[PDB]
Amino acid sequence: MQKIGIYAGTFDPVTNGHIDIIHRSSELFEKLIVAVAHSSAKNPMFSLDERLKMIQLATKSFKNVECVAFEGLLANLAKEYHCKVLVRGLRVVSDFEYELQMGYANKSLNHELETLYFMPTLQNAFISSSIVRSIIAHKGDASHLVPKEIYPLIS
């Protein structure tokens, strides 16, 4: 069960909160895949290639994390990796009922596939991606919110 975990998200862009989830889940799983979803339907600020790149940069220090981009269904991805656990992060503005709904839906698509939830550090519990984007977009400084190593990309 601990062989491999998938932490999937849009990561638009990766923030300090995402990093705390990667930092702790990567302890539990021998390998942690960070799966960056295309999510074209959301309308991401940063492209799929830019978002993959930021998150690869911000996760170099984790030796067992590999980041991939993917365009299909997450449940099938997991089936490809032989993965039986999706990792999600829970924070203050988490839509908790939607997390449960998506966990059951992913399990109904792949009967092997569990969802497990982590928490970020308390300081980072109020960080969301959409605030970061709002800050960037009105040309403000969001460097206290996202890993310093991606800042020159999002600046």
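All residue numbers refer to positions in the sequence shown, first residue = 1.
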Entry-level comparison of average CA B-factors, 103-111 and 38-46, reporting the higher stretch: 38-46
Out of 145-153 and 3-11, which stretch has the higher average CA B-factor listed in the record? 145-153
For the listed residues 87, 32, 55, 127, which one has the largest C-alpha B-factor as given in the deposited model? 55
Residue 23: CA B-factor among chain residues, third -> middle
For residue 69, return the chain-relative third of its C-alpha B-factor as stated in the PDB record: lowest, middle or highest. middle
The third of the chain into which the C-alpha temperature factor of residue 61 falls is the highest
